[PDB]
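For reference, the structure discussed in these notes is given below.
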Amino acid sequence: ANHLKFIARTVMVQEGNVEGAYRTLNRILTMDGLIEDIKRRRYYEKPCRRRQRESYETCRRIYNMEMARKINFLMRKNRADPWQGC
Amino acid sequence: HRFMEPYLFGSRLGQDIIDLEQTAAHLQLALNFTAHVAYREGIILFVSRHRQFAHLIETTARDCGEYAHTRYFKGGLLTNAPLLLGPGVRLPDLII
Amino acid sequence: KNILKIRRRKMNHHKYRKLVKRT
Amino acid sequence: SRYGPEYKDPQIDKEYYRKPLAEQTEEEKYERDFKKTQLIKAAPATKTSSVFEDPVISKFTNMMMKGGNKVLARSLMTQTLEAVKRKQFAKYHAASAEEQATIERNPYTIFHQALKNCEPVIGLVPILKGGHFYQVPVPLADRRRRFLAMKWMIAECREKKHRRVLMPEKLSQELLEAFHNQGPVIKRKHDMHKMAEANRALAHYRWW
Amino acid sequence: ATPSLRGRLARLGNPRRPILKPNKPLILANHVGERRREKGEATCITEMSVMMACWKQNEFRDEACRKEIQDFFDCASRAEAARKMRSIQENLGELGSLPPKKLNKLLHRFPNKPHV
Amino acid sequence: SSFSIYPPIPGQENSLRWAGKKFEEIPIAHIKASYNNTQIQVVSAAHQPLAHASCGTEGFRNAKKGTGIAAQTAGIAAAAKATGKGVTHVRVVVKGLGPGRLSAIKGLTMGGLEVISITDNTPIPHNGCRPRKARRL
RNA sequence: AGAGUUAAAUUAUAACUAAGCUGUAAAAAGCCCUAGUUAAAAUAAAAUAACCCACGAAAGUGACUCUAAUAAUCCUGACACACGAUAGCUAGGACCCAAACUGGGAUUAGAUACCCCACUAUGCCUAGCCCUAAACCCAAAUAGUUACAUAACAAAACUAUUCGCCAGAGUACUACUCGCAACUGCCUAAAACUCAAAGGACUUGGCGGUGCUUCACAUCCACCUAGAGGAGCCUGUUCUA
Ligand SMILES: [Mg+2]
Ligand SMILES: [Mg+2]
Ligand SMILES: [Mg+2]
Ligand SMILES: [Mg+2]
Ligand SMILES: [Mg+2]
Ligand SMILES: [Mg+2]
Ligand SMILES: [Mg+2]
Ligand SMILES: [Mg+2]
Ligand SMILES: [Mg+2]
Ligand SMILES: [Mg+2]
Ligand SMILES: [Mg+2]
Ligand SMILES: [Mg+2]
Ligand SMILES: [Mg+2]
Ligand SMILES: [Mg+2]
Ligand SMILES: [Mg+2]
Ligand SMILES: [Mg+2]
Ligand SMILES: [Mg+2]
Ligand SMILES: [Mg+2]
Ligand SMILES: [Mg+2]
Ligand SMILES: [Mg+2]
Ligand SMILES: [Mg+2]
Ligand SMILES: [Mg+2]
Ligand SMILES: [Mg+2]
Ligand SMILES: [Mg+2]
Ligand SMILES: [Mg+2]
Ligand SMILES: [Mg+2]
Ligand SMILES: [Mg+2]
């Protein structure tokens, strides 16, 4: 309100392309986490539920990061086997 | 492995180094035992599950006249030999 | 599991509270 | 069902084989059609190489057929065509010179035009959501649209006529009304379109 | 990078209050999850709207406007073609990673050792 | 062709004009996209309301106006009234996350308004007023 | 623990425009002193940072600034002393928003519930009480070891010095006592009586109005054709005789 308008969360369209500008803005909001916060703030969540959600998300992130790291590590062994039939 | 500590000389920047004095000491006894088993007409089976030198191991066993196993080891091979190999089968006297 | 004993204690406490309220 | 999956549908068009040298894209396919030992099913009795038959007419005759009286269905179709031809000729001869250049007497083209006029554009699908059925508007396939167009006219002419009036006589009038966009089949199509326009707000219920 | 795991779980050696309370043990499995199929949605809604715009102003007659109806038919044909082809292209290719069937075999080739 | 998605703030000296008017004088279009309704109000740069159109104002109903088609139609309805008063370019300010969010934006273009920028002014409190309790107890 | 301050949102309050706004799977009710934009005090709370793991004995604490300040030259140790989440009580104040209860509107055979609307105590500040939680990390404190050694699962098995508890289950977070600003309250806490069991863990089936993939080819739907349930008759049943 007190801040200047048309500065935050504003994207300029290029050559009349509106669908792509909307996708760019949606990606901006998703990467900044505003979409999830807005969807979460529709109904109040109790602190116990907030802590449970944070712990579950942290565990899921750790597991996904480790699985991705192992997949990237083992990506080398996807080549064709040179010792087939031995 | 935890049981390889007495058999290790040290670590050279992460990579463990195996001492060769104990290696030769064990290898002399191993070769003597294998030679005695072969001399006493014993069945020697070269077992190795590794898809890089399977052909080399098979050729070495063929040259030696001893037997080889470099493929998928079946479950009841040595235990349930009378049903996996034949009615009456003589088990190998040495496994390398 | 332990939920059976928890529910039994809950029912006993609820009945005691209702009895106290009535009398 | 007696034909195995390897059997392929026959080709009845004679011009497809008469000039295979006019194009090369079809050559690459028709040369390997027989090389793969592709067996061909027997040609159906209904379909032939005659130039005076149309698949739309055959489908309409099959739909009008009751039980297995294909001869009766064919006779009804021929009588309907004769009736529409004679009714068009009567109006052609009763009209003046300017209307003769506009009125059409060919029964096949007016039949096809009436079917296209009575073909619906979109249909309604009942979708269960929240324990209630909603008539979601949905685009229709070409075969479904043609089948609905034929079925509406057949059902209307089978029941909305007098006992003394015969099926070819009723169908002759109904074909002309549909061609001129005045028939109850056209009214039913408009009713379906209006229902779809009313239920357009429920189109988000569709998931395909 | 990987989030820190030191001092997170409830263990005898951990002196502080546990931070994470995993639903299931944090053991890296030897098989990745199967790819989830995307939920379908209604298509050609914006074109059906402009098609019905003709009818609402022309008393529901197709002889008034024809371009909207033809465009709606083209949209329906394109939607059907995309439903047919994407259903077999997406389950085959992802353009960013290997198929889950190959990934499961790759993981089984180099599995984890929670024991010993 | 150096193009920046950042808005042209008045503090700079860039020369960008739309129909001869600067970015500051271009009218605004506030699109409030709720979970059950979508409202559009096109106002001038001087905060003077020019046009107003909502999904309920188009003859829809309770659950009918909550769909995206209602917002797409309301976009055209607002664009027609905006063009009736001589508006060619407008700055879209979106408020709230709803199903008819992009639908109204594209309906404006369908109705004949050229969007130059999309502003997402969604009210996100910094843990201020306590919202209502969760559903499905 | 005190003193001072507010960035976002919301609202009491005014102006222009418009007719609905809100409400759900769908509706109805409610408000049309309504809704959108532009300005707007007071109260409440403190987006991202936080994929951080710090402080405090625990409860608990993460919008900003300032003051005071976080014991023990460090073992255990009560019924003694001091604290003790939310909820509730008393007196005074504030009340945007949320909400027990309540009153309407939905659904249901019933719905004094889940769903929507309005509103009260209350959640907010000062002082005084109340002293309870799945107050759980269900793992006591102090210094240690990786020796022997997997009931099962789970957070691996254990030493040395202590304190507090545990003697089948139901009765029973009960009755009767003592004590307590608590008087529908808290702590401690039995017995008669009934049974031969009460329990923790695990395996296999079965089930699931759990969820994710692949399906239905006369099969569920999207859809096609011909019939039953309407009439007479034939025939077989259930009933009266
Ligand atoms: Mg009891
Ligand atoms: Mg601590
Ligand atoms: Mg668990
Ligand atoms: Mg509950
Ligand atoms: Mg204070
Ligand atoms: Mg403010
Ligand atoms: Mg006030
Ligand atoms: Mg009403
Ligand atoms: Mg904050
Ligand atoms: Mg200290
Ligand atoms: Mg002490
Ligand atoms: Mg209180
Ligand atoms: Mg109040
Ligand atoms: Mg309220
Ligand atoms: Mg009620
Ligand atoms: Mg307290
Ligand atoms: Mg706690
Ligand atoms: Mg305990
Ligand atoms: Mg102690
Ligand atoms: Mg076991
Ligand atoms: Mg006892
Ligand atoms: Mg108690
Ligand atoms: Mg008591
Ligand atoms: Mg059937
Ligand atoms: Mg019959
Ligand atoms: Mg019948
Ligand atoms: Mg009958």
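Positions of Cβ are generated from backbone atoms using ideal geometry, with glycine treated the same way; all protein chains shown enter the neighbour counts. Values in this text are rule-based calculations from the coordinates and carry no lab data.
For segment A:68-86, indicate whether the set of residues that are among the acidic types (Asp, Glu) and in contact with a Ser or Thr (Cβ under 9 Å, 6 or more places away or on another chain) is non-empty. Looking through segment A:68-86, none of the residues is among the acidic types (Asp, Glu) and in contact with a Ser or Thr (Cβ under 9 Å, 6 or more places away or on another chain). Scanning segment A:11-29 finds no residues that are of a type outside the set (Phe, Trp, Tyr) and under 30 Å from E:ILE27 (Cβ atoms).
If you check E:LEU5, E:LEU28 for being touching a residue at least 40 places away in the same chain (Cβ under 8 Å), at the interface with another protein chain (Cβ under 7 Å from one of its Cβ atoms) and either within 16 Å of ligand 1 (Cβ to nearest atom) or not hydroxyl-bearing (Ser, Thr, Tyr) (or both), only one passes: E:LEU28. Residues in segment E:19-54 that are loosely packed, with under 13 Cβ neighbours inside 10 Å and either within 16 Å of ligand 2 (Cβ to nearest atom) or β-branched (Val, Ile, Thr) (or both): E:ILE27 alone.
Of the residues making up segment D:190-197, one or more are within 14 Å of chain F (Cβ to nearest Cβ), part of a helix (DSSP H, G or I) and either over 22 Å from D:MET77 (Cα atoms) or without any contact (Cβ under 8 Å) to a residue 24 or more places away in the chain (or both). When F:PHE60 is tested against the conditions (1) at positive phi; (2) within 14 Å of chain D (Cβ to nearest Cβ), the lone failure is (1).
Conditions tested, residue by residue: (1) surrounded by 14 or more Cβ atoms within 10 Å (Cβ to Cβ); (2) within 12 Å of another protein chain (Cβ to nearest Cβ); (3) on the phi > 0 side of the Ramachandran plot; (4) assigned to a loop (DSSP other than H, G, I, E, B).
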position: D:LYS85; (1), (2), (3), (4): yes, no, no, no
position: D:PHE89; (1), (2), (3), (4): no, no, no, no
position: D:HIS93; (1), (2), (3), (4): no, no, no, no
position: D:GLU104; (1), (2), (3), (4): no, no, no, yes
position: D:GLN113; (1), (2), (3), (4): yes, no, no, no
position: D:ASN117; (1), (2), (3), (4): yes, yes, no, no
position: D:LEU128; (1), (2), (3), (4): no, no, no, no
position: D:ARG146; (1), (2), (3), (4): yes, no, no, no
position: D:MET150; (1), (2), (3), (4): yes, no, no, no
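Summed over segment D:124-147, the residues that are of a type in the set (A, V, I, L, M) and more than 14 Å from E:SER77 (Cα to Cα) give a count of 5.
If the condition is being more than 14 Å from chain A (Cβ to nearest Cβ) and surrounded by 15 or more Cβ atoms within 10 Å (Cβ to Cβ), then segment F:1-31 contributes no residue at all.
Could you list all residues from segment E:74-116 that are on the phi > 0 side of the Ramachandran plot and surrounded by 10 or more Cβ atoms within 10 Å (Cβ to Cβ)? Of everything in segment E:74-116, nothing turns out to be on the phi > 0 side of the Ramachandran plot and surrounded by 10 or more Cβ atoms within 10 Å (Cβ to Cβ). The sole residue among F:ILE124, F:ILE69 that is away from chain D (no Cβ under 14 Å), closer than 21 Å to A:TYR22 by Cα and not polar (S, T, N, Q) is F:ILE124. The set of residues from segment B:14-49 being assigned to a loop (DSSP other than H, G, I, E, B) and under 27 Å from B:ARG90 (Cβ atoms) comprises B:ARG40, B:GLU41, B:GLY42, B:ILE43, B:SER48, B:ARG49. Here the condition is being free of Cβ contacts under 8 Å to residues at least 40 places away in the same chain and of a type in the set (D, E, K, R); of F:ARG101, F:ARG91, F:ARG136, it holds for F:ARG136 alone. Applying the criterion of at least 2 residues that are within 30 Å of D:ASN117 (Cβ to Cβ) to the helices (runs of 4 or more DSSP H) found wholly in segment E:45-116 leaves E:45-58, E:67-89. Scanning segment C:10-23 for residues that are surrounded by 10 or more Cβ atoms within 10 Å (Cβ to Cβ) and either of a type in the set (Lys, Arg) or more than 12 Å from ligand 1 (Cβ to nearest atom) (or both), we see that the one that is nearest to the other protein chains (Cβ to nearest Cβ) is C:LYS10. Between E:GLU68, E:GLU41, the distinction of being away from RNA strand G (no atom under 13 Å from the Cβ) and farther than 23 Å from D:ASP191 by Cβ belongs to E:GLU41 only.
To keep it simple, each residue is scored yes or no on (1) away from chain D (no Cβ under 12 Å); (2) more than 30 Å from E:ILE27 (Cβ to Cβ); (3) without any contact (Cβ under 8 Å) to a residue 40 or more places away in the chain; (4) among the aliphatic types (A, V, I, L, M).
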{"site": "E:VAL50", "(1), (2), (3), (4)": "no, yes, yes, yes"}
{"site": "E:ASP74", "(1), (2), (3), (4)": "no, yes, yes, no"}
{"site": "E:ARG78", "(1), (2), (3), (4)": "no, yes, yes, no"}
{"site": "E:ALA81", "(1), (2), (3), (4)": "yes, yes, yes, yes"}
{"site": "E:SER87", "(1), (2), (3), (4)": "no, yes, yes, no"}
{"site": "E:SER97", "(1), (2), (3), (4)": "yes, no, yes, no"}
{"site": "E:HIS108", "(1), (2), (3), (4)": "yes, no, no, no"}
{"site": "E:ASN112", "(1), (2), (3), (4)": "yes, no, no, no"}
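How many residues, within segment A:24-51, are more than 9 Å from chain F (Cβ to nearest Cβ) and of a type outside the set (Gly, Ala, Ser)? So the answer is 10. Of all residue pairs spaced 6 or more apart or on separate chains, those with beta-carbon atoms under 9 Å, a first member in segment D:86-97 that is within 17 Å of D:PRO168 (Cα to Cα) and a second member that is of a type in the set (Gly, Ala, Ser) are D:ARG86/D:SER172; D:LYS87/D:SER172. Only residues that are within 14 Å of chain E (Cβ to nearest Cβ), without any contact (Cβ under 8 Å) to a residue 40 or more places away in the chain and part of a loop (DSSP other than H, G, I, E, B) were counted in segment D:152-189, giving 2.
This table checks each residue for (1) more than 14 Å from chain A (Cβ to nearest Cβ); (2) in contact (Cβ under 8 Å) with a residue 12 or more places away in the chain.
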site	(1), (2)
B:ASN32	yes, no
B:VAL37	yes, yes
B:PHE46	yes, yes
B:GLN52	no, no
B:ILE57	no, yes
B:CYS64	yes, yes
B:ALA68	no, yes
B:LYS74	yes, no
B:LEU78	yes, yes
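The residues of segment F:2-15 that are among the aliphatic types (A, V, I, L, M) and closer than 15 Å to F:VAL115 by Cα amount to a single one, F:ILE5. Each residue in segment B:1-13 was checked for being part of a helix (DSSP H, G or I) and in contact with an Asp or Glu (Cβ under 9 Å, 6 or more places away or on another chain), and 2 of them qualify.
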